[PDB]
């Protein structure tokens, strides 16, 4: 029962500047996640080592409609490349209790990104 989750890349949203909406993405394995450049200047990229072991890395083009197939269970931390240090990230939680979530929380990342991450988790 494969489902698509559409995510918008925005200069401004609910949580402030440079956001993915939603920035928590709840998915099942086999679902898809579509990133939409609603405003110009965004893309989506998996953060090095912040996808589940078994998952494959990716980096979309700026202003590209990009669809990701989330086969492997676990947590994905994605960033917009230019806006990463401004907090432009999304957490994709695939299946229950995503295994590498504590790992991603511990991993090295900008304070401002940590802030947004902990907020979405909470």
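Residue numbers count along the first chain shown, from 1.
The PDB entry reports B-factors from which the mean C-alpha value can be compared for 47-55 and 80-88; the larger average falls on 47-55. Among the modelled residues of the chain, residue 67 sits in the middle third by CA temperature factor in this PDB entry. In the PDB entry, residue 122 places in the highest third of its chain by CA B-factor. Sort the modelled residues of the chain by CA B factor and residue 102 lands in the lowest third. Among the modelled residues of its chain, residue 18 has a C-alpha B-factor that falls in the lowest third, as given in the PDB entry.
When the CA B factors of the chain's modelled residues are split into thirds, the value for residue 5 lands in the middle one.
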